[PDB]
Amino acid sequence: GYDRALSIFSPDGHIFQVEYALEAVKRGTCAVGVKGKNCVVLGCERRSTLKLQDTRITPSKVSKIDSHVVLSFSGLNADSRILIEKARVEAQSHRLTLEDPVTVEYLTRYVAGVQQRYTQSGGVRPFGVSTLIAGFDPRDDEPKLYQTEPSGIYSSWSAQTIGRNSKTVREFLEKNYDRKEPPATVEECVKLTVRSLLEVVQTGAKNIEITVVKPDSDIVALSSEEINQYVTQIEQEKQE
Amino acid sequence: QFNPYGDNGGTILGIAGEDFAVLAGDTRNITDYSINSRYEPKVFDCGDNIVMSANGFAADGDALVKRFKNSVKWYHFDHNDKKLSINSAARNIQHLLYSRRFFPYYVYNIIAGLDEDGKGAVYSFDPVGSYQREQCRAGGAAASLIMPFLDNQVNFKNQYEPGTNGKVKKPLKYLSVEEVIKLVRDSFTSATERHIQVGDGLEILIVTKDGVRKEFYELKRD
Amino acid sequence: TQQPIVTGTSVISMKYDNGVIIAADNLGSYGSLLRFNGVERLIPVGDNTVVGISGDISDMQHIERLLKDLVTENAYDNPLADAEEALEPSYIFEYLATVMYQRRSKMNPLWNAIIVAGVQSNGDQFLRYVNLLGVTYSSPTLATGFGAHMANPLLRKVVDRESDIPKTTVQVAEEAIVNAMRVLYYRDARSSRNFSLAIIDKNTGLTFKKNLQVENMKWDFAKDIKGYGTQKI
Amino acid sequence: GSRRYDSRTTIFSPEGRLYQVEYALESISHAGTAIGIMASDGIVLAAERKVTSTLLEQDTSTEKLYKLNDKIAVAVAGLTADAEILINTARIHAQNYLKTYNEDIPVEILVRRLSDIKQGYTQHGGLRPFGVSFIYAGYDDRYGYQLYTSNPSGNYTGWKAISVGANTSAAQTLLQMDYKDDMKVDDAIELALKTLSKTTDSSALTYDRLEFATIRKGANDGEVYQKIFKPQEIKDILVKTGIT
Amino acid sequence: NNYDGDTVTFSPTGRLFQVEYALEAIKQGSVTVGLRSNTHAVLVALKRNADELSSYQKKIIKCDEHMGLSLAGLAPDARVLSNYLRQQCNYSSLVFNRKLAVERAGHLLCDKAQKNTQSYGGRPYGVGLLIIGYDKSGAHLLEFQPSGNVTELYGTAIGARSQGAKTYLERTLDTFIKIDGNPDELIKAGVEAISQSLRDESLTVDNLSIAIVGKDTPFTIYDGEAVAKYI
Amino acid sequence: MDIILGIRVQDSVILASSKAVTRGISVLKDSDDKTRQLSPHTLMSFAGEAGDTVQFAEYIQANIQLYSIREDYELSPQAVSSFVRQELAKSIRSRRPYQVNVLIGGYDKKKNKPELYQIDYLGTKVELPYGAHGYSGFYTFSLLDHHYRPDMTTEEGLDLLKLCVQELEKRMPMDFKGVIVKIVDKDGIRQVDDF
Amino acid sequence: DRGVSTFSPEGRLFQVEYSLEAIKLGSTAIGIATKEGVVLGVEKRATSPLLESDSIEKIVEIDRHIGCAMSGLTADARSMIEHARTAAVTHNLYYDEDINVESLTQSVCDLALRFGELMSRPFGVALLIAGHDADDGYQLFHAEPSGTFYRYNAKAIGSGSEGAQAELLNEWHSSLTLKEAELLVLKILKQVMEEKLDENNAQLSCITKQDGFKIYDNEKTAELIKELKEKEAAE
Amino acid sequence: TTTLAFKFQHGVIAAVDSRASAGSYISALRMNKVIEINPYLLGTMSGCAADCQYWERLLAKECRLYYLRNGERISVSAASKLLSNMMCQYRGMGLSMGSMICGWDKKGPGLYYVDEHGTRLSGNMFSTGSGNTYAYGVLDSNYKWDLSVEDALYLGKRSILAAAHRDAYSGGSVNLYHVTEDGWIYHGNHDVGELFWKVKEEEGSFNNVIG
């Protein structure tokens, strides 16, 4: 078998393949995650270079891993499918062996472990993908939002963004998001998620995707018109 | 058809004192109605103040002891010459036996020594690895002959204090090594009389804080 | 799992004051057929060990080759192969015992009963038995098959315990062995008159005697025996 | 040892791109243009054969349009040999699904499977990727008529109209201009051929330089029919639309 | 230069640079001395610490009751090779009821190290070993190099500044070989030998490591206050 | 385990499964639910060798749930039944086959039709208006053959099911401790708590 | 290119030496061993204020009697921790006892050099393994990707290691109490850290014979930080 | 063997005998048939002693690893399933193990029966072994959810006594356990010989037996 060590240390103590995998994430479309008091919202950019697209059948950016957990990403699209499939298999494997659905933290730890494994295994390259994993633990009303990256490190975030121009939207979130009082309602949480994407997106038409996840496996994706109403209200307040 | 097992007879006996332990076994080795050897040692000093005897099928018994002695050696290498405690040895032997759950070591194993508080300890095993610490145990051919005698003379079972008539039991004293060795010798002399596979010789290994000591006694050769 | 085809019967042996004696007949039986009459079942290993084998002859020939290869392998990169690092009876035995027990544990045994007789470096007598089950034991006298039932009782009258060994001379021990071989010829239907005898002494070394015959046999009394009860003529 | 001669086909550039995937796409950009147009009542697949000869046996020839099953077809852009390896795998996958569930495979599931195979060659194994871009035209009872594309990266996307191969930039602009949502198959047929006729590197677009196919519910009642156009039928539709 | 990228490549002069670089790791390692008489064999090792808060890296490893070694270079490689020796010593005992000859132990180490010098992908061992033991032919001392070369010696030393101790033993050859039935005097000669390789630092209680094996002496290691006697 | 029954009426599928679990000569449990929800509109009851039944059912459940998440779509009862059959047909020629018989009751939301599939451990699939496994059919099929109509209501289906259980309770030597009844229709799966 | 298991002309493995450079870039972790217990402390170093700092888990339990702190590529530590936990509990299964800290550390270090062309590269993380057993008492070990482990009375790893180690050189003595060690870790962490030390960006932990391995609450650490400030202002 | 365990208002009672047999020969008078997996988890043992000891001690290894990875005690449901999955690997290989996994977790007190077939049953009351039928007789007629800790402990004790008396392969002594939300509590070893005569006098039962 092909055993070649592709991810290796350089003289300065860097693993370039893992770092170049982060550059692939930087190229990917912007993804944002914001957790309110009783919900988490996942926002995703859709680049408008691709029109004549069939939005019914085109792979959505946010993917359900289980009925209570979702996963969005930034980076290589093909790479993300492999992590999502593995995560989905593990989610069912956990229910089958332990008789409880995975916690969001466990699922994140697994996906992060897969990414890490691909940084010190022979014949393979790292995943050019960073993920935002969000949801609610079974019989728990505390929101959960985690991030992973090609190196395999993961951590919990009150709010986070990844992908292209993520530096700008993170800048926005750092000054707008208050920890002492997070978005109390769904509206406020979605509004803040749309506002953050409007710093980067370009047009607020079909370029913004929003997915709201609430406790007890209550996951819904907002439509174009519903999002467009947020886009309208934000700019009308801005004209002042 | 090839039968991979055999029966080499013999009988073993372990008794735990207050600050000592004994492991005794007859020295006769047999197949069917023939004597192979009148003196074939069956109880071994395995190191770390532990004595061991695997009674039943001699080939499996020699293999197990040999493996446990090896396990003690590697325990020293791997854990900075740390002493293997009797409870740790017992657990280790369970895993040696269960590694063969589907092609068992056909032996009844006993180990004896001192626990980490200096008190006498005896551990008993079955062929597939179930074990337990006990105060006394006879294993092998004449085990059913000897055990009831030890229940009576070591644990004072069915013995009550005269005058009370079954109301007050005989109190559980602790026996001395000299008293224990008498029960061991009488146990084997009685077993030799009524069991054809038992006889020739008796070898006793006594374990104290000072070390392992041996005692040998002749038995009837018929 | 197999069955033995061509077989060798009893191997008998005993310790004496300065060494060990071992003996075995020269027959290779094919069931009830006394097929092969020139079979050597005592196989010397160096000048200090003799391995006596009973049971399946094809497996014996295999073991014979393992021992021959063992000597070859021991000499490799060994300047002291004919001195301090020469093969000992205890090394040869433990090797065979390891092989026998491994083969039985794979349910494919070497269908044999082996007695390794020899003298160690320190002059100590070595005599140990091993068989197809990997069962091992040692005794002042050892015998396989029928020898266990008929020879041991006779040899144990000479050396009944360990303390009788220094009192037993090579002449007495050899005489006992030779008498035992005669008794086996009387009573073992799978035995032969021709046999081999080996003596390993700590002083005189290895003496290997071939083409020995059972002699001084009692048959004359048979003429008087008539019928099976009531017949007089 | 062998390391000396390893090109390392599955590595990132400093910019975070996959070298071999990018170079495979460069290869595909020289391949004959293939166009897919999805309408309300069917799908059109049109493709240009590369500089043919008069001595090429066209009626028995197939380099662009392949049948995966009765409901799904693909247009190829790139190495034909590479495409046939993947096509046969996709045909097997569709049959495995049909054997397992006793239902025809949904279009996306088949597309995802092939795209995952392509992805694998970019992440592990040390082998070169498949120099192939597909346009998948198919139908199932969930989403109805569907167009997808996949490329050597293993990434796939859904489309109303799309082109792969040569001059996709020009072709996509022309499709984006004239395409409408309420469009029908007969109109889509005309759009596909007109787009090829303007983007082609050849002097003139003729029947012998084209492969053409439609997937229509224009089959007797609620069912779908695949039509791989014959040379004479391509010649007729070229006259009908007013190109020759 | 162009021929040191892997162990599978000879240089134009017939040299194996990866093996030579592995040999270099031994020279960087702390000094250890080996010497024997006809009755006993002794290892003396200068242990090295990382700093004042750290412990002193152990240098001597026991392989059997009658055999053991001291290391100089990559310690993990010594653990791998000593583990192999433990298994081989143990195979000889379990199968043949035979204590492994020290000479044969050297031949086994040579062959194990050699395989790593001729195959692609792997690397040579980066450690040197001094093996002592007492077998049927008396006391023995071996020097192992990861090139595969194993040498039986009366005395030797490996590690940094080992040339000083090696010269001393070369002078003292006729004296220390005759130290029979006197373990303390043989150790003294070893401690005096390793002292010739010291600069700036001296032999302290947690610095010095000594091992001995002999006729009626199992392989035992002396550390801590057990070696204060010899300081 | 022992008795599992199934009946497909006008607008629903009804599955009845015994509650008894026996080890040796002792009935360990009299409230065991011999069923697993494979998807919101698909229920599978099971009966066979001890241990194998639950392991197989949960394995099938995990696979269908995995499919549902991957495609964000519920498989038709027919597709699920075919998947289950293949697994059993695959299993029968394995080293140690799974000795499990199943009934799959589902409501096809596309066709708006209830569907009942009977599959035995060999992988023998049949679509039926009513079905059973083991000896259950010997007692109950005569009643079902007589009384069954395809336009029956759910309530009439339950009444005919009661008659089947009453016949089983009269003529079987075996005390199966009553049945848990579940209904599968357009609105999903629900349990009849009083039967 | 070149072999992964290649020796340099100086006699060092290139990859092992390069992994050590990655560890120098890691966040600071400090361990101090005393006769009343071993203290482990780490710099969390959150990359952003929105990152929930309590999810940063750089101090980890291996067993009840063994703890562990990490520095470097912390993702690499997860498989090492998993192996350590397995080795600890497996030995308890085989021997009905706690495993020696040294033996546990040795088991972890056996993984280190299992790389080649096994895993494709060495670990890019160093571990401070602290614990207690009956034989050798309270112990602190430093496990490197070279496969080497040194025992330490006190040790600092990470970006501010050489500065912290020099400080530990002066401050450590054999009669330190547990409370004194806690303040000493906090003091040195505060010295080498970029951002201002508080209960949210720094974490303490300890291992005692009685209570076993414990990670300190942010409320408990906050008091020790306040106690530190006052005693430094006292002179 | 005879073992039992049942849920009630104040947790779960677990009672076992202590006899071991090898044919008609009583090989052990006092064996521990309960394993303390953790302070809140118990495991009863019936069947092959070796199988019961090996696999339940291996379960404890796996339950301990769960705590280390998740920083949280394993549930009774999950623990029972891990064990049933082990049994399913050696499916048909000849293992003999009947066990009840007793404990307290978030859902309250938990009780699962698990056997060598891979069976896993949740319930309020179970009894395993050669004498389980005798124990069930006493349990079924005297069990309530509203039992006091004192009366519940006696019920499990008395139920084993019933089995020890009638079943030839059950006896020796009774080991009692009481599982609470603060963990399990050992309620001692009770010799059946002494307990029988005591219960006979105090309760008035076993009238047919002379004493």
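As written, the chain order gives the labels A, B, C, D, E, F, G and H, with residue 1 at the start of each chain.
Quick note on the criterion: a contact is a pair of C-beta atoms (placed from the backbone, for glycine too) under 8 Å apart; a residue touches a chain by one contact, two chains touch by 3 or more.
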item	value
Pair of chains joined by more contacts [C-beta pairs], A-D or B-E	A-D
Most widely separated chain from chain D, with each centre as the mean of CA atoms	C
Inter-chain centre distance, chain E versus chain G - centres from mean C-alpha coordinates, in Å	33
Euclidean distance of C-alpha centroids - chain B vs chain C, Å	34
Whole-Å separation of chain centres (CA-atom averages), chain B against chain G	47
For chain A, residues that touch 2 or more chains besides their own	4, 6, 123
Sites on chain E at which at least two other chains make contact	6, 94, 121
Residues of chain D whose C-beta touches two or more other chains	3
Residue numbers on chain H that touch chain A, as the complex places them	70, 75, 77-78, 81-82, 85
Complex contacts: residues of chain D adjacent to chain A	3, 6, 8, 10-17, 38, 107-108, 112, 115-116, 118-119, 122-127, 143, 146-148, 153-162, 172, 175-176, 179
Chain G to chain A touching residues, read off their complex	4, 15, 18-25, 48-52, 54-56, 73-76, 78-79, 115, 117-124
Sites on chain G touched by chain H in the complex	61-63, 82, 85-86, 89-90, 92-93
Chain G partner contacts - residues on chain B that touch it in the complex	75, 78-80, 82, 85, 87-88, 90-92, 95
